[PDB]
Amino acid sequence: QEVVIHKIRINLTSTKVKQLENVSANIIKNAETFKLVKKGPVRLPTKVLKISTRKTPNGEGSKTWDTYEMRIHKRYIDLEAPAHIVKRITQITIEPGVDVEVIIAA
Amino acid sequence: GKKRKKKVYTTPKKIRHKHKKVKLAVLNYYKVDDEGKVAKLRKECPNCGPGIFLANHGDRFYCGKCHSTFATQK
Amino acid sequence: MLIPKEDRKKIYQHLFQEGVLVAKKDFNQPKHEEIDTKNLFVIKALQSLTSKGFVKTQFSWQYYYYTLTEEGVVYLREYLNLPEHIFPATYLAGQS
Amino acid sequence: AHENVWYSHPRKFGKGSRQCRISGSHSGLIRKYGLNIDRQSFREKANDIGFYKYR
RNA sequence: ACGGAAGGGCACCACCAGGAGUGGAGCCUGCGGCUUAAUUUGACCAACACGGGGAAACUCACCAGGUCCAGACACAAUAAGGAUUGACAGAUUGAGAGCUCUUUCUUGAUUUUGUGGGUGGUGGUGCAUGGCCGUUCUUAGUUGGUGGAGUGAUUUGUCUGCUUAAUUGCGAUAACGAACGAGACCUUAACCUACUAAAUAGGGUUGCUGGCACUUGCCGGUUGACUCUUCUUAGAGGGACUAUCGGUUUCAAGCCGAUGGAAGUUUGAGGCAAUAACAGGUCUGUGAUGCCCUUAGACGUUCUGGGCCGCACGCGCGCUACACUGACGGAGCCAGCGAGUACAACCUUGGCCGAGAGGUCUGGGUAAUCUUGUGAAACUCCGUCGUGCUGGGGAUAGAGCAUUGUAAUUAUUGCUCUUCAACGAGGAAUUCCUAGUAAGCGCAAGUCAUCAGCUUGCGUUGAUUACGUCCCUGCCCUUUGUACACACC
Ligand SMILES: [Mg+2]
Ligand SMILES: [Mg+2]
Ligand SMILES: [Mg+2]
Ligand SMILES: [Mg+2]
Ligand SMILES: [Mg+2]
Ligand SMILES: [Mg+2]
Ligand SMILES: [Mg+2]
Ligand SMILES: [Mg+2]
Ligand SMILES: [Mg+2]
Ligand SMILES: [Mg+2]
Ligand SMILES: [Mg+2]
Ligand SMILES: [Mg+2]
Ligand SMILES: [Mg+2]
Ligand SMILES: [Mg+2]
Ligand SMILES: [Mg+2]
Ligand SMILES: [Mg+2]
Ligand SMILES: [Mg+2]
Ligand SMILES: [Mg+2]
Ligand SMILES: [Mg+2]
Ligand SMILES: [Mg+2]
Ligand SMILES: [Mg+2]
Ligand SMILES: [Mg+2]
Ligand SMILES: [Mg+2]
Ligand SMILES: [Mg+2]
Ligand SMILES: [Mg+2]
Ligand SMILES: [Mg+2]
Ligand SMILES: [Mg+2]
Ligand SMILES: [Mg+2]
Ligand SMILES: [Mg+2]
Ligand SMILES: [Mg+2]
Ligand SMILES: [Mg+2]
Ligand SMILES: [Mg+2]
Ligand SMILES: [Zn+2]
Numbered sequence: 015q016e017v018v019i020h021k022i023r024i025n026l027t028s029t030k031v032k033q034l035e036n037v038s039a040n041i042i043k044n045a046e047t048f049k050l051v052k053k054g055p056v057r058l059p060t061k062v063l064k065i066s067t068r069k070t071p072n073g074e075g076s077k078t079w080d081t082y083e084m085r086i087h088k089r090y091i092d093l094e095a096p097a098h099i100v101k102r103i104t105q106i107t108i109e110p111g112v113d114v115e116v117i118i119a120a
Numbered sequence: 077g078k079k080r081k082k083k084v085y086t087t088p089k090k091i092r093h094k095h096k097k098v099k100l101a102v103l104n105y106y107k108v109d110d111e112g113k114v115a116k117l118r119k120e121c122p123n124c125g126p127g128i129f130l131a132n133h134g135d136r137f138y139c140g141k142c143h144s145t146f147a148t149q150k
Numbered sequence: 001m002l003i004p005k006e007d008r009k010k011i012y013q014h015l016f017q018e019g020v021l022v023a024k025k026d027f028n029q030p031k032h033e034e035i036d037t038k039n040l041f042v043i044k045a046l047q048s049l050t051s052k053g054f055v056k057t058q059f060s061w062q063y064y065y066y067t068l069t070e071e072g073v074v075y076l077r078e079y080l081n082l083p084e085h086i087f088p089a090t091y092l093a094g095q096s
Numbered sequence: 002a003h004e005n006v007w008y009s010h011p012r013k014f015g016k017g018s019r020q021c022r023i024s025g026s027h028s029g030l031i032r033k034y035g036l037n038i039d040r041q042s043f044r045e046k047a048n049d050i051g052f053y054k055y056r
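Chains U, f, K and d supply the protein sequences, listed in that same order.
When the letters of the first sequence are read in order and numbered with the authors' numbering, they come out as residues 15 to 120.
When the letters of the second sequence are read in order and numbered with the authors' numbering, they come out as residues 77 to 150.
When the letters of the third sequence are read in order and numbered with the authors' numbering, they come out as residues 1 to 96.
When the letters of the fourth sequence are read in order and numbered with the authors' numbering, they come out as residues 2 to 56.
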């Protein structure tokens, strides 16, 4: 008997965008399918990772500098939902790559 | 590039620590009581177990299983 | 390698226990992981097996990936004289 | 190589305390985020890692 | 290819008008030279704050030395009356190293010593190679299918003109139809009262309170409720395509102006970026690698110490100043990119201390939460100084107190006090630059135990002068000439 509300939260991380958007939309749609209340898929600022390297491997010539970057997004979502429904929702339909985290926030 | 020259040493030669093999080394540990019992010589290290013998250097015996811990004068 | 004989049985029985070893490049270190011996003579005993022709070596990011062959399984077996019906862990065949 | 002498110097910190995890080269290492890769094997394998040219 | 030959165009690594500088001074950093035992090396527009090269250990390559095998495999040799390992104390050693030895004790077939062989080598060889990137060359160039012209080297196709930043097109055409390059594309910065939403972001109403007024008021505080998404985020998206109009154009590619808009320079900046090449460079990045050398008193590996930091000397990036628009005291108080502790010990709030550096007690933060709203300088206001190497300038010297480090001496670094150098805006020359740009000013990140004078990114105060030409230095296309082709060196 875990019918009581738990104020659960789902964190997401993804080096890409398309699969992250698909996962978030799927979670929202499943929540509506089971008719649960929510705070929307609030977006988080683009955590951009930039590191610069001397493009030459030795060190001579015209000083050339290159920049390598990723861009990750979090998009946390909080659900005022019971226990087993949200567990079943978050343990299904996870396309590869997009890291998902679940916290009871009790 | 790098150019080198023949290395000249300031010490003639260092010889390896050749191990000292001894002919019938165990004759001096145990002796026979005239076709009978067996006896030890000069001491027996107790901690290591039966049959282990200390090393005499002068006025003191020395281990060699637990070499540094046990060095007892006599 | 003056690898002590009891640690020699230990390395062989452990390589029997799983059949695949890792043994990171790092020399100098006190204790091989899940083996309790200095890593260096682990590396050298295993490469001795490779040179005898019973272990294949594969290098990747300083990690000495080692795999054991059938004749290696043999040599290991008569070294431990464990009955021939039993095999190292790798040959435990699990279906998908 | 009396164990108390050989390799006794500590390498907790400094240049030689870290290896490339690729070639072990101490020179020019990327310690940011614990990549622990040098500049150039990193530029080799970065497109595979996830870094990309954007700007 | 070249021409101090012609024509057509371009480029602030060219100039013009200018702006800021360097070269003058001090100091840092890097080479050269010298010295040294080593002051390790590779570089010579495209070497010199580059090898992320801010080396006190490691770093490492050098020097004095001291250690060990990390010689796998097979054969042979010896071999359990011992192949052989290790070891207290002492001499020896810098070492509490059984390095070596004195004695003996310990260990046992793994080793030891010859053989072939093998491993490692920031050893030589980037004029043996890969890969990588630099440069030719940021320009607009480059081939191939047939077809024509030449016997052919080859050419046309790729071009008379005009246009563009562009081999970009309009076009003309023994040339036709296609490919790479450019563009297209990707990221970013611009505009969204349009949608989706949001306690890790902001508001508004209202609670509950604090003040100051008295009147409804204002400034506040509050992880109490309601409510919303312009402000901050991120998704689908929209928006610009020179849109419209007016000039000019064998009236066509297009160019100029005005207006509307946010944006009219390809909207801004970049990211990728062709054929051919270089004896450009990196074996010093690799367990990328050919060959050569070495492979046990070792060019392997590792430990201690010194060095790469020294000094009559030249040169380059640099930092701070020569003062008044300044210096110094007070008073205000504005940012953005970042980054941040885990199998280890980071960001550090807040509180007690110390003048300081710094110390301590506690708290959050694995991160739109906390550091942090990084309350940053420059700047703004008010004061002292008032032309004098002066309170400018802070190098050079001592004395102390701190923190990092196993190790601060050849001063690591910060603070306290004192000493106060040269320097009067710097020769011939030379460097960079057209709008948020130069410059000034900082900030963050990388290098990190500790350090920057560096570099990479960010924001802030934010301009003068063009808006053009081949005069200098080059580049592109065509024509022409040559006794040049390892090509005017
Ligand atoms: Mg110009
Ligand atoms: Mg010039
Ligand atoms: Mg001029
Ligand atoms: Mg200046
Ligand atoms: Mg000067
Ligand atoms: Mg050039
Ligand atoms: Mg240093
Ligand atoms: Mg040193
Ligand atoms: Mg050393
Ligand atoms: Mg030496
Ligand atoms: Mg090496
Ligand atoms: Mg070589
Ligand atoms: Mg033809
Ligand atoms: Mg042609
Ligand atoms: Mg393009
Ligand atoms: Mg809005
Ligand atoms: Mg018109
Ligand atoms: Mg552009
Ligand atoms: Mg090109
Ligand atoms: Mg060359
Ligand atoms: Mg070459
Ligand atoms: Mg060496
Ligand atoms: Mg140096
Ligand atoms: Mg001079
Ligand atoms: Mg420079
Ligand atoms: Mg002053
Ligand atoms: Mg801010
Ligand atoms: Mg003075
Ligand atoms: Mg200034
Ligand atoms: Mg540097
Ligand atoms: Mg000729
Ligand atoms: Mg001549
Ligand atoms: Zn004993």
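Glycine included, every Cβ here is placed at the ideal spot set by N, Cα and C.
For the region 13–24 of chain d, list every residue whose C-beta sits within 9 angstroms of some C-beta in chain K, in sequence order.
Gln20, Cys21, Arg22, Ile23 and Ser24
Whether U/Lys64 touches U/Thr78 by CB criterion (8 angstroms)
no
Contact set between U/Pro59 and chain d, taken where Cβ atoms lie within less than 7 angstroms:
In chain order: nothing, as chain d lies at least about 17 angstroms away.
Taking C-beta pairs closer than 7 angstroms, name the residues in chain d that U/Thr27 reaches, listed in chain order.
Per Cβ cutoff of 7 angstroms: no residues; U/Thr27 is ~12 angstroms from chain d at best.
Three-state secondary structure (DSSP) at U/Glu115?
strand
With a CB to CB cut of under 6 angstroms and the five nearest residues on each side skipped, what residues in its chain are close to K/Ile43?
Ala23
f/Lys150 and f/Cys124: beta carbons closer than 8 angstroms?
no
What separation, rounded to the nearest whole angstrom, lies between the Cα atoms of K/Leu68 and U/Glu74?
47 angstroms
List, in order along the chain, the chain d residues whose C-beta lies closer than 7 angstroms to that of K/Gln95?
Simply none; closest approach about 32 angstroms.
Considering Cα atoms alone, identify which of K/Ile3, K/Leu15 and K/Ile11 is closest to K/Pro88.
K/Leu15
Mark d/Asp49 as exposed unless 16 or more other C-beta atoms lie within 10 angstroms of its C-beta, in which case mark it buried.
exposed
Could you spell out the range, first to last residue, of the beta strand (DSSP E) harbouring U/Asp92?
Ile91 to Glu94
K/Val20 (DSSP reduced to helix, strand or coil):
strand
Which residues in chain d have a C-beta closer than 9 angstroms to the C-beta of K/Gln58? List them in chain order.
Going along chain d, no residue has its Cβ under 9 angstroms from K/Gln58, so there is no contact; the nearest lies around 16 angstroms.
Does U/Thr67 come within less than 8 angstroms of chain d when only Cβ atoms are used?
yes
Per DSSP, what kind of secondary structure is f/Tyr106 in: helix, strand or coil?
coil
Rounded straight-line distance, which links the Cα of U/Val62 to that of U/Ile117:
25 angstroms
Check whether the Cβ of f/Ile91 sits closer than 7 angstroms to any heavy atom of ligand 33, and report yes or no.
no
Compile a chain-ordered list of the residues in the region 43–54 of chain d whose CB is closer than 8 angstroms to at least one CB of chain U.
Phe43, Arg44, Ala47, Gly51, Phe52, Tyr53 and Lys54
Between U/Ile106, U/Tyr90 and U/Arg102, which lies nearest to U/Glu35 when the distance is taken from Cα to Cα?
U/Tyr90
Would you say d/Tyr34 faces chain K, with C-beta separation under 8 angstroms as the test?
no
Since d/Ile31 meets chain U, which of its residues come closer than 9 angstroms, beta carbon to beta carbon?
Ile65 and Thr67
From the DSSP secondary-structure annotation, give me the bridge partner or partners of U/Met84.
U/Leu63
By Cβ distance, which residues of its chain are closer than 6 angstroms to U/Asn25, with the 5 residues on each side in sequence left out?
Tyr90 and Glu115
Take K/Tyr64 as the anchor and find which of K/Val55, K/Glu70, K/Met1 and K/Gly72 has the nearest alpha-carbon.
K/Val55
Please say whether d/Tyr34 and U/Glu83 have beta carbons closer to each other than 8 angstroms?
no
Cβ-Cβ separation, d/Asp39 to d/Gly51 (assumed contact under 8 angstroms), whole Å:
d/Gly51 to d/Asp39, Cβ: 18 angstroms. No contact.
Same chain only: Cβ atoms within 7 angstroms of U/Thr27, ignoring 5 sequence neighbours per side
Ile86, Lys88 and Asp113
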